[PDB]
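A.B. asks: Dropping the structure in here first, questions after.
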Amino acid sequence: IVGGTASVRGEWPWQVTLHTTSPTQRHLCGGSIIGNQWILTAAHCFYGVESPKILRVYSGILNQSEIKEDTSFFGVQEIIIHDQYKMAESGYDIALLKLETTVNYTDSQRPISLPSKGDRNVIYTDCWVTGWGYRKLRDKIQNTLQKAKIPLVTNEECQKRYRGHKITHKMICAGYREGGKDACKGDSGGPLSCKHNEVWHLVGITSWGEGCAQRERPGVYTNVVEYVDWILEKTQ
Ligand SMILES: Cc1nc(N)ccc1-c1cnn([C@H](CC2CC2)c2ccc(-c3c(-n4cnnn4)ccc(Cl)c3F)c[n+]2[O-])c1
């Protein structure tokens, strides 16, 4: 996260850190708890992943330094990538992880609601991007989960900034015209979380952008509302 600040314990209890353990253990991507057995993340995260055997899902984590060899994690029983996914910038950047067993929810590990039926024309004005990613294009993974408030941009404005890509209704853009706050490397797969009527909804999945926090180049997110039917079919 560029231009962000540190979170405190319990603040974003649906945020997970997905680790790979091949060839060594490291944070790979963010994700969001959406059910006792289900995480929603980005398909691009699995580009170099040979199988679900090497993944570990950690929940309830504020600082990466909390994870040690005896820290409990959930195994992944299945990775479900959207069948039309090709590359992040052309869309369909969405995946479900089915866990081996059910998370009992606690104060530190809680679900976020999907965008609700009836809310298709809500204007979200309180949206946040969170993650352990870089603070600038060449940087490092941060220890403490970071947060930044970012405004949504219309698809019309977003397309004018990205005339070499197809910005469709299945994407949502967010960013300031002057730049300065945005996702960056290591935040993909995590949530763009928007609060409406004091309930959090998973509006976007962090996906791609030109640079990080550059002027007139908003971040691009998978528009989760457009995938609700796909999610319900896969989870049932
Ligand atoms: C370096 C590293 N170290 C780790 N230990 C773990 C993971 C990584 C690493 C390197 N790239 N990525 C991902 C893709 C990859 C998982 C498949 C990525 C690509 C793009 C963006 C992005 C940008 N960016 C444009 N230019 N940079 N960022 C701007 C706006 C938005 Cl909205 C964005 F989503 C964010 N991420 O995370 C992760």
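Convention: chains lettered A, B, ... in structure tokens order; per-chain residue numbering from 1; ligands numbered from 1 as shown.
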Could you give me, as a PyMOL selection string, the residues within 10 Å of region 128-137 of chain A, counting only C-alpha atoms and dropping anything in the same chain fewer than 3 positions from it?

C.D. replies: chain A and resi 1-7+12+15-17+27-31+62-64+125+140-152+174+180-195+203-206+211-213

A.B. asks: Taking the DSSP secondary structure from the backbone, can you list the residues of region 24-80 of chain A that are strand (DSSP E), as a list in words?

C.D. replies: residues 26, 27, 28, 29, 30, 31, 32, 33, 34, 35, 38, 39, 40, 41, 55, 56, 57, 58, 76, 77, 78, 79 and 80 of chain A

A.B. asks: Those selected residues, please, written with N, CA and C atoms and delivered as a short mmCIF file (atom, residue, chain, number, x, y, z; two decimals), in the first residue's frame.

C.D. replies:
```cif
data_model
loop_
_atom_site.label_atom_id
_atom_site.label_comp_id
_atom_site.auth_asym_id
_atom_site.auth_seq_id
_atom_site.Cartn_x
_atom_site.Cartn_y
_atom_site.Cartn_z
N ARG A 26 6.78 -17.66 2.03
CA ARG A 26 6.66 -16.21 1.93
C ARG A 26 5.22 -15.87 1.67
N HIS A 27 4.84 -14.64 2.06
CA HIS A 27 3.56 -14.09 1.66
C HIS A 27 3.48 -14.00 0.15
N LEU A 28 2.36 -14.47 -0.36
CA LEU A 28 2.08 -14.47 -1.79
C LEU A 28 1.05 -13.43 -2.18
N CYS A 29 -0.08 -13.43 -1.48
CA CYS A 29 -1.18 -12.55 -1.87
C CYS A 29 -2.05 -12.33 -0.64
N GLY A 30 -2.90 -11.32 -0.76
CA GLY A 30 -4.01 -11.16 0.18
C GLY A 30 -5.20 -12.01 -0.21
N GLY A 31 -6.18 -12.05 0.70
CA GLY A 31 -7.47 -12.73 0.46
C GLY A 31 -8.47 -12.27 1.49
N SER A 32 -9.73 -12.70 1.31
CA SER A 32 -10.83 -12.34 2.23
C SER A 32 -11.64 -13.57 2.63
N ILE A 33 -11.95 -13.67 3.94
CA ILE A 33 -12.86 -14.73 4.43
C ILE A 33 -14.28 -14.37 4.00
N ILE A 34 -14.94 -15.28 3.26
CA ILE A 34 -16.36 -15.11 2.91
C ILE A 34 -17.23 -16.25 3.43
N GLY A 35 -16.68 -17.32 4.05
CA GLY A 35 -17.45 -18.40 4.67
C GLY A 35 -16.53 -19.18 5.57
N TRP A 38 -14.28 -20.85 3.17
CA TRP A 38 -14.06 -20.20 1.86
C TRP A 38 -13.32 -18.86 1.92
N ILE A 39 -12.24 -18.72 1.12
CA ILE A 39 -11.51 -17.47 0.91
C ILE A 39 -11.68 -16.99 -0.53
N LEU A 40 -11.91 -15.67 -0.73
CA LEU A 40 -11.97 -15.08 -2.09
C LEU A 40 -10.69 -14.30 -2.35
N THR A 41 -10.04 -14.56 -3.50
CA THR A 41 -8.76 -13.90 -3.82
C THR A 41 -8.66 -13.67 -5.33
N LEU A 55 0.20 -24.40 -0.32
CA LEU A 55 -0.39 -23.19 0.21
C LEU A 55 -0.68 -23.31 1.70
N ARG A 56 -0.60 -22.17 2.39
CA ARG A 56 -1.07 -22.07 3.78
C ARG A 56 -1.88 -20.80 3.91
N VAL A 57 -3.08 -20.90 4.49
CA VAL A 57 -3.88 -19.70 4.75
C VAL A 57 -3.74 -19.33 6.22
N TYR A 58 -3.27 -18.12 6.53
CA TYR A 58 -3.22 -17.64 7.91
C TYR A 58 -4.26 -16.55 8.08
N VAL A 76 -5.47 -25.90 2.13
CA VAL A 76 -6.36 -25.61 1.00
C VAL A 76 -6.72 -26.94 0.33
N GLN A 77 -8.04 -27.24 0.29
CA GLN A 77 -8.51 -28.44 -0.34
C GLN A 77 -8.65 -28.27 -1.85
N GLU A 78 -8.97 -27.07 -2.35
CA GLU A 78 -9.17 -26.83 -3.78
C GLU A 78 -8.94 -25.34 -4.09
N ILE A 79 -8.35 -25.04 -5.26
CA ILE A 79 -8.30 -23.66 -5.82
C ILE A 79 -9.28 -23.66 -7.01
N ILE A 80 -10.27 -22.78 -6.97
CA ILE A 80 -11.27 -22.68 -8.04
C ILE A 80 -11.01 -21.36 -8.79
#
```

A.B. asks: Check the DSSP output for the backbone and give back, as a VMD selection string, the residues of region 139-208 of chain A in alpha helix (DSSP H).

C.D. replies: chain A and resid 155 to 161

A.B. asks: Under the rule that only C-alpha atoms are counted, which of A:90, A:116, A:109, A:236 is the nearest residue to residue 168 (chain A)?

C.D. replies: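 Ranked by minimum distance to residue 168 (chain A), first place goes to A:90.
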
A.B. asks: Any idea what the distance is between atom 5 (N, counted along the ligand's line) of ligand 1 and CA of residue 230 (chain A)?

C.D. replies: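 Going from atom 5 (N, counted along the ligand's line) of ligand 1 over to CA of residue 230 (chain A) covers 28.9 Å.
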
A.B. asks: Out of A:107, A:93, A:70, A:11, which residue has the shortest atom-to-atom distance to residue 208 (chain A) when counting only C-alpha atoms?

C.D. replies: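 Among A:107, A:93, A:70, A:11, it is A:93 that comes nearest to residue 208 (chain A).
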
A.B. asks: Looking at A:179, A:60, A:13, A:219, which one is nearest to residue 112 (chain A), with distances taken over only C-alpha atoms?

C.D. replies: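 Counting only C-alpha atoms, the residue closest to residue 112 (chain A) is A:13.
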
A.B. asks: Using only C-alpha atoms, which of the listed residues (A:202, A:171, A:232, A:88) sits closest to residue 115 (chain A)?

C.D. replies: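 For residue 115 (chain A), the nearest of the candidates is A:202.
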
A.B. asks: Counting only C-alpha atoms and all ligand atoms, which of A:216, A:83, A:210, A:100 gets nearest to ligand 1?

C.D. replies: A:210

A.B. asks: Go ahead and compute the interatomic distance for atom 31 (C, counted along the ligand's line) of ligand 1 and CA of residue 22 (chain A), in Å to one decimal.

C.D. replies: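 About the pair atom 31 (C, counted along the ligand's line) of ligand 1 and CA of residue 22 (chain A): they are 24.5 Å apart.
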